[PDB]
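A.B. asks:
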Amino acid sequence: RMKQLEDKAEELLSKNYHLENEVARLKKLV
Amino acid sequence: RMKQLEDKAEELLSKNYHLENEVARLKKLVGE
């Protein structure tokens with residue numbers, strides 16, 4: 001369960017970063 | 001340690017949703 005939550009945090013961080021990049025991309029388009 | 005990791009997932013999920021909401025708003029303005 002330790003490693004599973006650890007994998008989850010890392011996954012969510014990756015997703016977070018992708019969304020930040022999307023925001024930056026969309027802001028550039030504006 | 002379990003509580004700490006759980007808190008981090010909840011934190012990151014919340015941040016994720018706020019970003020999703022912002023992305024969705026921005027897409028509508030540029031027209032995606």
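In the order they appear, the protein sequences are chains A and B.
Take 1 as the starting number for the first sequence in the deposited numbering and just add one per residue.
Take 1 as the starting number for the second sequence in the deposited numbering and just add one per residue.
Even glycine gets a Cβ: it sits at the ideal position worked out from N, Cα and C.
1. With 8 Å set as the bound, which would you pick, yes or no: does the beta-carbon of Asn21/A sit closer than that to a beta-carbon of chain B?
2. Buried or exposed: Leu26/A, going by 16 or more other Cβ atoms within 10 Å of its Cβ?
3. Looking at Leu29/B: is its Cβ nearer than 8 Å to the Cβ of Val30/A?
4. What does a CB cutoff of less than 8 Å around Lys15/A pick up in its chain, not counting 5 residues either side in sequence?
C.D. replies: Let me spell this out:
1. no
2. buried
3. yes
4. none
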